[PDB]
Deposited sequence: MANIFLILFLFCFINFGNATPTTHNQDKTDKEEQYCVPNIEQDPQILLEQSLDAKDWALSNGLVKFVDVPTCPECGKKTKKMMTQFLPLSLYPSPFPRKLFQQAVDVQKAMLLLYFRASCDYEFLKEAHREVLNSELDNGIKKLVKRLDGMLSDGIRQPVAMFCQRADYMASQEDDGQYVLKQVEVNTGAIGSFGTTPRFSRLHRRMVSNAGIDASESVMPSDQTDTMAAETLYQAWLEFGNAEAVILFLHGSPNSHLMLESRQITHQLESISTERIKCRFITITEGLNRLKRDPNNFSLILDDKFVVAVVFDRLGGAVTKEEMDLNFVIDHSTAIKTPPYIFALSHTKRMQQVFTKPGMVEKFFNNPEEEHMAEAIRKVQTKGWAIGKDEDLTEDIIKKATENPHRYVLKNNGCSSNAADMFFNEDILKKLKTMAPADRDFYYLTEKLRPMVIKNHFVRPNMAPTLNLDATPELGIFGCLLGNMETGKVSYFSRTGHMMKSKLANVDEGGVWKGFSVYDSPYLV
């Protein structure tokens, strides 16, 4: 069976492959801004092994997972019932929402010793790793291939996926002269290069020369206004904005209550609290929006509202072992409504090598991988109908048993 130590154990060769991997990263956009310069993103040298069945189980449930959170997001009454500054803020001026999600998974060791797929988190909005993912995927196919080893390292085109979904959003807005807005926190934001890499894909999947305009949120106070008649969002008094691609406040809701397609609109932030994820583990709550429901139940982890088997988590800081009893007695009952109890997962431990900026590589570490599955929707929130499902994507992150980008090798 594939495992990373049995590829190579000469330290001098592993060191030389570290420098090679790192120099490939520096040559292919696997970088971030620091200080302002660029630095490569920490990476595992080789792809970590991962069960084929569970990866397929995670990939297959993504369609269902988007549909559940999309439909929950179309039912504001439901979301409110499941739980204050966000509610205060929240007819609809743009029914069409673009909705991209990353579901995270851990292969978890049940008793018997066999691994089962269990979902760690769902994320939407200012999502990391659209641009980095297809590149790490290529990095690791190259390392593996260069060492002689071998469908077991599945293709990821997640930069393309994002591009194809933005293009479809632009088309649904239906204005040939309209632009796509990339809204960042700063010029050197940690999302900036992933954002730019999305546009490099958008260019090569169109004739149309779609203008993408990169603006910070500070400069947006002067350069974005809303039309008082159309309620359309305008840039520099001249350009209609078809899509606002949020890449990380009064302005934010002025944008949200306008005809531009949001990615996704603010209502989705309410449907992706950890409270809500915990609420979906209660009986009936998935079935309500729907088989896709059973597939979803298989990956859930029962979480109970208000000791080494459990974790006390906050719902939006967490306690393990005897600290759970310590915090339970200590805690005032006002705070009880902000935490929940879940079963602690026994995570799969594998061996790999870790390559970091300005340090020697760490060889033969125990690490636990975490699988992220990407998927996007284009849907209408007044009808609840979906018009577009994007291709799926997938990435991985390993931490010691601070993290590292990785990619799965399907054992």
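Unmodelled segments of the deposited chain, in sequence order: 1 to 33, 69 to 81, 130 to 141, 149 to 154, 215 to 217, 316 to 323, 366 to 371, 388 to 404, 415 to 420, 506 to 515.
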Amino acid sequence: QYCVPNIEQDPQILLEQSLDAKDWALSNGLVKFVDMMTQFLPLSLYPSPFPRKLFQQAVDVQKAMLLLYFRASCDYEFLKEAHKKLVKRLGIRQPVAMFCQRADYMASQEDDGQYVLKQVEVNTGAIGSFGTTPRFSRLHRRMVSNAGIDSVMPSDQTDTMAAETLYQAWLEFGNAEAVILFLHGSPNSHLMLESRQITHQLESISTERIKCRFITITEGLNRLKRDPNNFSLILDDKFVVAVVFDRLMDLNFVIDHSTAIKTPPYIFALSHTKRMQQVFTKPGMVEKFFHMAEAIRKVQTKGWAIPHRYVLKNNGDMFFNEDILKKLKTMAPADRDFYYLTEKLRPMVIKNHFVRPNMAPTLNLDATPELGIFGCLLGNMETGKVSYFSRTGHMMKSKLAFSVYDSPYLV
From here on, numbers count along this sequence of modelled residues.
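For the pair 333 to 341 and 199 to 207, the mean Cα B-factor is higher in 333 to 341.
In this entry, the higher average B-factor at the C-alpha atoms falls on 317 to 325, of the pair 234 to 242 and 317 to 325.
By the numbers in the PDB entry, the CA B factor is greatest at 359 among 359, 31, 373, 45.
When the C-alpha B-factors of 167, 182, 310, 136 are read from the PDB record, the largest value belongs to 310. In this PDB entry, the Cα temperature factor of residue 247 sits in the middle third of its chain's modelled residues. When all modelled residues of the chain are sorted by CA temperature factor, residue 17 is found within the lowest third. Residue 411: CA B factor in the highest third of modelled residues in this chain (values from the PDB entry). For residue 380, the recorded CA temperature factor ranks within the highest third of the chain's modelled residues.
Compared with the other modelled residues of the chain, the Cα B-factor recorded for residue 346 ranks in the highest third.
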